[PDB]
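Structure file entry.txt; described as compact mmCIF, C-alpha atoms.
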# COMPACT_ATOMS: atom_id res chain seq x y z
CA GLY A 355 -4.64 49.92 -70.03
CA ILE A 356 -7.63 48.87 -68.02
CA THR A 357 -7.11 45.65 -66.16
CA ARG A 358 -9.38 42.77 -67.10
CA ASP A 359 -8.53 41.54 -63.64
CA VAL A 360 -11.18 42.52 -61.19
CA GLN A 361 -10.86 44.48 -58.05
CA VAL A 362 -12.57 42.81 -55.22
CA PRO A 363 -14.66 44.88 -52.70
CA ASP A 364 -13.48 44.58 -49.17
CA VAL A 365 -15.72 44.53 -46.13
CA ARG A 366 -13.11 44.34 -43.31
CA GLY A 367 -14.11 45.77 -39.94
CA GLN A 368 -17.21 43.69 -39.56
CA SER A 369 -16.94 39.97 -38.99
CA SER A 370 -15.32 36.89 -40.41
CA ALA A 371 -18.69 35.59 -41.59
CA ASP A 372 -19.64 38.77 -43.42
CA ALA A 373 -16.23 39.05 -45.05
CA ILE A 374 -16.09 35.42 -46.10
CA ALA A 375 -19.76 35.62 -47.20
CA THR A 376 -18.97 38.44 -49.62
CA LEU A 377 -16.01 36.65 -51.19
CA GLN A 378 -17.78 33.29 -51.25
CA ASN A 379 -20.78 34.87 -53.00
CA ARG A 380 -18.47 36.14 -55.69
CA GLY A 381 -16.81 32.78 -56.03
CA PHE A 382 -13.64 33.68 -54.26
CA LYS A 383 -11.87 31.47 -51.85
CA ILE A 384 -10.20 32.33 -48.60
CA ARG A 385 -7.46 31.11 -46.41
CA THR A 386 -8.02 31.40 -42.73
CA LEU A 387 -5.04 31.45 -40.43
CA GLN A 388 -5.68 30.76 -36.73
CA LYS A 389 -3.34 31.93 -33.98
CA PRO A 390 -3.87 31.03 -30.30
CA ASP A 391 -4.59 33.97 -27.87
CA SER A 392 -6.55 37.12 -28.60
CA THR A 393 -3.61 39.51 -27.93
CA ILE A 394 -3.12 39.23 -31.66
CA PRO A 395 -5.87 40.41 -34.17
CA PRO A 396 -9.27 38.95 -33.05
CA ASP A 397 -11.15 36.37 -35.14
CA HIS A 398 -13.25 39.21 -36.55
CA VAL A 399 -11.87 41.05 -39.44
CA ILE A 400 -10.15 44.23 -38.47
CA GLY A 401 -7.74 44.09 -41.31
CA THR A 402 -7.34 42.19 -44.50
CA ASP A 403 -4.77 41.65 -47.21
CA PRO A 404 -4.74 44.14 -50.14
CA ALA A 405 -4.73 41.21 -52.63
CA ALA A 406 -8.48 41.65 -52.94
CA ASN A 407 -8.05 45.42 -53.05
CA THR A 408 -5.85 44.92 -56.05
CA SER A 409 -7.24 43.81 -59.39
CA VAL A 410 -7.07 39.98 -59.30
CA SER A 411 -8.59 37.11 -61.24
CA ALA A 412 -12.06 36.10 -60.10
CA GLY A 413 -11.51 33.00 -58.01
CA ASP A 414 -8.37 33.72 -56.00
CA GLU A 415 -7.71 32.91 -52.30
CA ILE A 416 -7.66 35.77 -49.87
CA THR A 417 -5.88 35.28 -46.57
CA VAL A 418 -7.72 36.22 -43.42
CA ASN A 419 -5.98 36.65 -40.12
CA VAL A 420 -7.80 35.06 -37.23
CA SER A 421 -6.97 34.46 -33.61
CA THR A 422 -8.34 31.85 -31.30
CA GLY A 423 -9.26 32.34 -27.62
CA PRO A 424 -6.85 32.26 -24.61
CA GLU A 425 -4.34 29.47 -24.44
CA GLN A 426 -4.85 26.83 -21.89
CA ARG A 427 -3.48 23.38 -21.71
CA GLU A 428 -4.98 20.20 -20.64
CA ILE A 429 -2.77 18.43 -18.19
CA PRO A 430 -1.05 15.32 -19.59
CA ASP A 431 -0.98 12.18 -17.50
CA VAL A 432 2.35 10.85 -16.27
CA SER A 433 3.58 7.93 -14.19
CA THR A 434 3.55 8.81 -10.51
CA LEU A 435 7.00 7.51 -9.97
CA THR A 436 8.35 9.64 -12.74
CA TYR A 437 8.35 13.14 -11.17
CA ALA A 438 11.07 14.18 -13.66
CA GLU A 439 8.70 13.49 -16.54
CA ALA A 440 5.84 15.19 -14.66
CA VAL A 441 7.67 18.51 -14.24
CA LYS A 442 8.91 18.11 -17.82
CA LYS A 443 5.34 17.75 -18.96
CA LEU A 444 4.17 20.93 -17.23
CA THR A 445 7.14 22.72 -18.76
CA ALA A 446 6.35 21.34 -22.23
CA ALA A 447 2.79 22.45 -21.56
CA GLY A 448 3.91 26.07 -21.55
CA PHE A 449 3.37 27.24 -17.99
CA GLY A 450 5.97 24.99 -16.36
CA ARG A 451 4.72 26.26 -13.07
CA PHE A 452 4.77 23.55 -10.51
CA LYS A 453 5.28 22.88 -6.82
CA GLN A 454 6.34 19.73 -5.12
CA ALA A 455 4.77 18.88 -1.84
CA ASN A 456 5.37 15.84 0.23
CA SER A 457 2.67 14.44 2.35
CA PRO A 458 2.63 11.38 4.62
CA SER A 459 0.19 9.11 2.97
CA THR A 460 -1.19 5.63 2.85
CA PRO A 461 1.65 3.03 2.28
CA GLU A 462 0.67 2.41 -1.32
CA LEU A 463 0.95 6.08 -2.29
CA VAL A 464 4.14 6.64 -0.34
CA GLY A 465 7.11 6.70 -2.65
CA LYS A 466 5.33 8.09 -5.68
CA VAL A 467 3.40 11.10 -6.82
CA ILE A 468 -0.24 11.02 -5.87
CA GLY A 469 -1.15 13.59 -8.40
CA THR A 470 -1.73 17.22 -8.64
CA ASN A 471 -3.92 19.19 -6.27
CA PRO A 472 -5.90 20.91 -9.16
CA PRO A 473 -7.63 18.50 -11.65
CA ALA A 474 -4.94 16.78 -13.77
CA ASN A 475 -7.07 15.93 -16.78
CA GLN A 476 -8.51 19.36 -17.10
CA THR A 477 -7.23 22.61 -18.41
CA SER A 478 -4.84 24.94 -16.73
CA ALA A 479 -3.73 28.38 -17.93
CA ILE A 480 -0.15 29.04 -19.12
CA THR A 481 0.24 31.40 -16.18
CA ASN A 482 -1.29 28.87 -13.77
CA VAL A 483 0.75 26.97 -11.19
CA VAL A 484 0.08 23.35 -10.35
CA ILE A 485 1.04 21.97 -6.97
CA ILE A 486 2.04 18.32 -7.09
CA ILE A 487 1.91 16.13 -4.06
CA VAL A 488 4.05 13.05 -3.57
CA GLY A 489 3.48 10.52 -0.81
CA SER A 490 6.38 10.48 1.52
CA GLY A 491 7.05 9.08 4.96
CA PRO A 492 5.88 5.51 5.61
CA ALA A 493 5.09 4.17 9.08
CA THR A 494 4.08 0.89 7.76
CA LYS A 495 6.10 -2.19 6.94
CA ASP A 496 5.36 -5.74 6.01
CA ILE A 497 5.87 -8.38 8.63
CA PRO A 498 8.21 -11.29 7.81
CA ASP A 499 7.52 -15.03 8.09
CA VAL A 500 8.05 -16.03 11.64
CA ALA A 501 7.18 -19.56 12.44
CA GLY A 502 9.59 -22.11 13.84
CA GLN A 503 11.60 -19.58 15.67
CA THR A 504 11.62 -18.91 19.36
CA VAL A 505 9.48 -16.11 20.93
CA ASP A 506 12.66 -14.24 21.90
CA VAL A 507 13.94 -14.38 18.34
CA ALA A 508 10.52 -13.52 16.93
CA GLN A 509 10.07 -10.43 19.08
CA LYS A 510 13.61 -9.45 18.20
CA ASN A 511 12.91 -9.72 14.46
CA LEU A 512 9.75 -7.66 14.85
CA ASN A 513 11.59 -5.05 16.95
CA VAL A 514 14.29 -4.87 14.25
CA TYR A 515 11.54 -3.96 11.78
CA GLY A 516 10.39 -1.23 14.09
CA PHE A 517 7.47 -3.08 15.53
CA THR A 518 8.04 -2.29 19.16
CA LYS A 519 4.71 -3.54 20.40
CA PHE A 520 4.28 -7.26 20.54
CA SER A 521 2.06 -9.63 22.43
CA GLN A 522 2.38 -13.38 22.65
CA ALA A 523 -0.49 -15.80 22.91
CA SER A 524 0.42 -19.30 23.96
CA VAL A 525 -1.87 -22.12 22.90
CA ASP A 526 -1.38 -25.82 23.45
CA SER A 527 0.35 -27.49 20.64
CA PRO A 528 2.24 -30.75 19.97
CA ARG A 529 4.94 -28.24 19.10
CA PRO A 530 7.24 -27.49 22.10
CA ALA A 531 6.61 -24.40 24.25
CA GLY A 532 8.56 -21.53 22.82
CA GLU A 533 8.18 -22.16 19.14
CA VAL A 534 6.27 -19.42 17.46
CA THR A 535 3.27 -20.91 15.71
CA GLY A 536 2.90 -17.79 13.64
CA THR A 537 1.46 -14.35 13.87
CA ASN A 538 -2.04 -12.89 13.89
CA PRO A 539 -1.45 -11.14 10.50
CA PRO A 540 0.18 -13.32 7.79
CA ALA A 541 3.64 -12.69 6.36
CA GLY A 542 3.90 -9.94 3.84
CA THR A 543 1.06 -8.02 5.41
CA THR A 544 1.87 -4.36 5.58
CA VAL A 545 0.96 -2.97 9.00
CA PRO A 546 1.90 0.17 11.03
CA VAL A 547 5.13 -0.08 13.05
CA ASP A 548 3.27 1.45 15.99
CA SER A 549 0.73 -1.38 15.95
CA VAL A 550 0.70 -4.26 18.41
CA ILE A 551 1.74 -7.44 16.67
CA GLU A 552 0.60 -10.74 18.06
CA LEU A 553 3.02 -13.60 18.13
CA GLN A 554 1.17 -16.84 18.50
CA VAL A 555 3.25 -19.25 20.47
CA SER A 556 3.14 -23.00 20.59
CA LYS A 557 2.80 -24.28 24.09
CA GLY A 558 3.80 -27.89 24.46
CA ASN A 559 2.65 -27.95 28.12
CA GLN A 560 4.23 -31.36 28.39
CA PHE A 561 7.39 -32.69 30.07
CA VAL A 562 8.83 -36.20 30.06
CA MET A 563 8.43 -38.15 33.29
CA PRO A 564 11.09 -40.79 34.29
CA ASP A 565 10.32 -44.45 35.11
CA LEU A 566 8.70 -45.27 38.45
CA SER A 567 7.25 -48.64 37.46
CA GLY A 568 7.09 -51.42 40.05
CA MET A 569 8.97 -49.61 42.77
CA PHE A 570 8.08 -48.66 46.26
CA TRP A 571 6.24 -45.47 47.06
CA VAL A 572 9.15 -44.78 49.43
CA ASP A 573 11.20 -44.31 46.25
CA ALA A 574 8.53 -42.75 44.09
CA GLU A 575 7.68 -39.98 46.55
CA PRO A 576 11.21 -38.43 47.09
CA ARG A 577 11.99 -38.78 43.41
CA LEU A 578 8.88 -36.93 42.33
CA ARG A 579 9.41 -34.24 44.98
CA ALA A 580 13.08 -33.93 44.00
CA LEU A 581 12.30 -33.30 40.33
CA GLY A 582 10.09 -30.37 41.23
CA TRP A 583 6.75 -32.02 40.88
CA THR A 584 3.79 -29.95 41.95
CA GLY A 585 0.42 -31.33 40.97
CA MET A 586 -2.16 -33.70 42.34
CA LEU A 587 -1.14 -36.92 44.08
CA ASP A 588 -3.62 -39.77 44.33
CA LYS A 589 -3.18 -41.62 47.55
CA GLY A 590 -6.10 -43.92 48.22
CA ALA A 591 -6.87 -46.43 50.91
CA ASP A 592 -4.14 -48.55 52.45
CA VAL A 593 -4.89 -52.13 51.64
CA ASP A 594 -3.11 -55.11 53.06
CA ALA A 595 -3.03 -57.35 50.06
CA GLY A 596 0.17 -59.19 50.62
CA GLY A 597 3.82 -59.01 49.73
CA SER A 598 3.24 -58.15 46.07
CA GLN A 599 1.33 -55.05 47.12
CA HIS A 600 3.39 -53.87 50.09
CA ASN A 601 4.09 -50.13 49.33
CA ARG A 602 4.72 -51.11 45.65
CA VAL A 603 3.39 -48.93 42.90
CA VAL A 604 0.68 -50.82 41.09
CA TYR A 605 0.43 -48.72 38.02
CA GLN A 606 1.43 -45.32 36.89
CA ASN A 607 -1.40 -43.66 34.93
CA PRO A 608 0.98 -41.57 32.70
CA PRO A 609 3.36 -43.98 30.91
CA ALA A 610 7.03 -43.66 31.77
CA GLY A 611 9.05 -42.23 28.98
CA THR A 612 6.43 -39.97 27.49
CA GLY A 613 5.44 -36.42 28.09
CA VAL A 614 3.20 -35.80 31.01
CA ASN A 615 0.86 -32.81 31.22
CA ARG A 616 2.10 -29.54 32.77
CA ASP A 617 0.04 -30.43 35.84
CA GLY A 618 2.06 -33.57 36.25
CA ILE A 619 -0.89 -35.49 37.51
CA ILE A 620 0.27 -38.91 38.54
CA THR A 621 -2.14 -41.56 39.53
CA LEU A 622 -0.33 -44.36 41.29
CA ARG A 623 -1.48 -46.84 43.74
CA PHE A 624 0.10 -48.99 46.30
CA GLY A 625 -1.40 -51.50 48.59
CA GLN A 626 -0.07 -51.04 52.04

So that I can check it, write out the structure of this file as structure tokens.
Amino acid sequence: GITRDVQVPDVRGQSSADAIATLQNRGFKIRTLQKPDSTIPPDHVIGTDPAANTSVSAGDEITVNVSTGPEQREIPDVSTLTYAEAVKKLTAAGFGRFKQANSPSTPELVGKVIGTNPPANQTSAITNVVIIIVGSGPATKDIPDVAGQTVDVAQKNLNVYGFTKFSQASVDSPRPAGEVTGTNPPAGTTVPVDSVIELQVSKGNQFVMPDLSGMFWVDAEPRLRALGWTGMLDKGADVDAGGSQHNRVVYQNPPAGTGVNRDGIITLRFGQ
């Protein structure tokens, strides 16, 4: 006959709080089901389940249908070199709306994704499109080790790398003239190909002078002139000192057999 089960008053059409409050007061329990987006029944009670409207035992669980606000996704982080995973991630994020832009960038960002133009840690809508920019187009390269090679070879190596602008600075060195001492920037330094690279060149500024010891100046003179000597000649006073000194070279300031300065300055003396 009459059910000892109790029919539970419904209060749908108001709010979740009021509905739950009524049931909770009576000792009933509820189950709340959330669904993302408000295109489906809002979090406020518009409808309920007739379980409560039926005679049930006091202390049952009534299901309430709730929806949560608009769906947005926070953008997952991905390795910049892994564009495939990046696009995958936007796709797995719902929207899957992405653009790929290439921009000439600083050498370190070239070759990989730099990020997204909109904030990549923040939320984007499922209808929102994210433009992703990848660094492309380098005009920078790292200069190789170039020391011990000739200037001609050095400039050639630099030109091969695309460094068309070079300048060579020659400084005196024990190292022979022509050997590249090194470069202004060290090896491995990434620089623009359109930059002017400085090749520092060893300048020996020395050439070996042949023996002229104990000979006559009548021999010394044509020999020096013949070898293309052009410097400063020290001819002092003519001194009659005897046979040992007659037109004989007394000493040669730069020792025979070694390298003499680029000037070639020879100090020699003869008597008369």

Interatomic distance between atom CA of residue A:360 and atom CA of residue A:415?
->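 Between atom CA of residue A:360 and atom CA of residue A:415 the gap is 13.5 Å.
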
Show which residues sit within 12 Å of residue A:363, as a ChimeraX atom specification. Count all atoms listed in the file, and ignore same-chain residues fewer than 5 positions away.
-> /A:373-377,379-380,382,402-410,412,416

Looking at A:429, A:442, A:509, A:378, which one is nearest to residue A:471, with distances taken over only C-alpha atoms?
-> A:429

Work out where the centre of an axis-aligned box around every listed atom of stretch 439-443 of chain A lies and how long its edges are once 8 Å is added on each side; give both in Å to one decimal as AutoDock Vina command-line options.
--center_x 7.1 --center_y 16.0 --center_z -16.6 --size_x 19.6 --size_y 21.0 --size_z 20.7

Would you list the residues near (1.8, 34.6, -17.0), meaning any protein, DNA or RNA residue with an atom at most 10 Å from that point in file coordinates, counting only C-alpha atoms, as number ranges by chain?
-> A: 448-449, 451, 479-483

Would you mind listing what lies within 10 Å of residue A:463 as JSON, numbers by chain, with only C-alpha atoms counted and same-chain residues fewer than 2 positions away left out?
-> {"A": [434, 435, 457, 458, 459, 460, 461, 465, 466, 467, 468, 469, 488, 489, 490, 491, 492]}

Mind pulling up the distance from atom CA of residue A:559 to atom CA of residue A:504?
->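 Calculated distance between atom CA of residue A:504 and atom CA of residue A:559 is 15.5 Å.
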
So what do you get for atom CA of residue A:565 versus atom CA of residue A:624, distance-wise?
-> 15.8 Å

Within 6 Å of stretch 604-610 of chain A, counting only C-alpha atoms, which residues qualify if same-chain residues fewer than 4 places away don't, as a ChimeraX atom specification?
-> /A:563-565,621-624

Please, could you write that set of residues out with C-alpha atoms as an mmCIF file, keeping the file's coordinate frame?
data_model
loop_
_atom_site.group_PDB
_atom_site.id
_atom_site.type_symbol
_atom_site.label_atom_id
_atom_site.label_comp_id
_atom_site.auth_asym_id
_atom_site.auth_seq_id
_atom_site.Cartn_x
_atom_site.Cartn_y
_atom_site.Cartn_z
ATOM 1 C CA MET A 563 8.430 -38.150 33.290
ATOM 2 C CA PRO A 564 11.090 -40.790 34.290
ATOM 3 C CA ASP A 565 10.320 -44.450 35.110
ATOM 4 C CA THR A 621 -2.140 -41.560 39.530
ATOM 5 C CA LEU A 622 -0.330 -44.360 41.290
ATOM 6 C CA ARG A 623 -1.480 -46.840 43.740
ATOM 7 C CA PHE A 624 0.100 -48.990 46.300
#

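Of the listed residues (A:619, A:614, A:556, A:567), A:619 comes nearest to residue A:586; the distances count all atoms listed in the file.
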
Dig up all the protein and nucleic acid residues within 7 Å of (7.6, -48.2, 46.7) in the file frame, using all atoms listed in the file, and format them as a ChimeraX atom specification.
-> /A:569-574,601-603

May I have the selected residues written with C-alpha atoms, as an mmCIF file, in the frame of the given file?
data_model
loop_
_atom_site.group_PDB
_atom_site.id
_atom_site.type_symbol
_atom_site.label_atom_id
_atom_site.label_comp_id
_atom_site.auth_asym_id
_atom_site.auth_seq_id
_atom_site.Cartn_x
_atom_site.Cartn_y
_atom_site.Cartn_z
ATOM 1 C CA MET A 569 8.970 -49.610 42.770
ATOM 2 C CA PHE A 570 8.080 -48.660 46.260
ATOM 3 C CA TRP A 571 6.240 -45.470 47.060
ATOM 4 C CA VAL A 572 9.150 -44.780 49.430
ATOM 5 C CA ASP A 573 11.200 -44.310 46.250
ATOM 6 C CA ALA A 574 8.530 -42.750 44.090
ATOM 7 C CA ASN A 601 4.090 -50.130 49.330
ATOM 8 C CA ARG A 602 4.720 -51.110 45.650
ATOM 9 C CA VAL A 603 3.390 -48.930 42.900
#

Residue contacts of residue A:513 (12 Å, all atoms listed in the file) excluding same-chain residues fewer than 5 positions away, as a PyMOL selection string = chain A and resi 495+497-498+505-508+518-521+547-551

For residue A:538, list every protein, DNA or RNA residue within 7 Å, evaluated using all atoms listed in the file, and leave out those in the same chain fewer than 2 positions away; present the list as number ranges by chain.
-> A: 536, 540, 552-554

Shortest interatomic distance to residue A:396 - which of A:438, A:487, A:418, A:464, counting only C-alpha atoms =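 Closest to residue A:396 of all the choices is A:418.
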
A:399, A:493, A:356, A:384: which is nearest residue A:368, counting only C-alpha atoms?
->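 For residue A:368, the nearest of the given residues is A:399.
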
So which one's closest to residue A:529, A:546, A:558, A:395, A:585? Using all atoms listed in the file, please.
->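 Checking each of A:546, A:558, A:395, A:585 against residue A:529, counting all atoms listed in the file, the winner is A:558.
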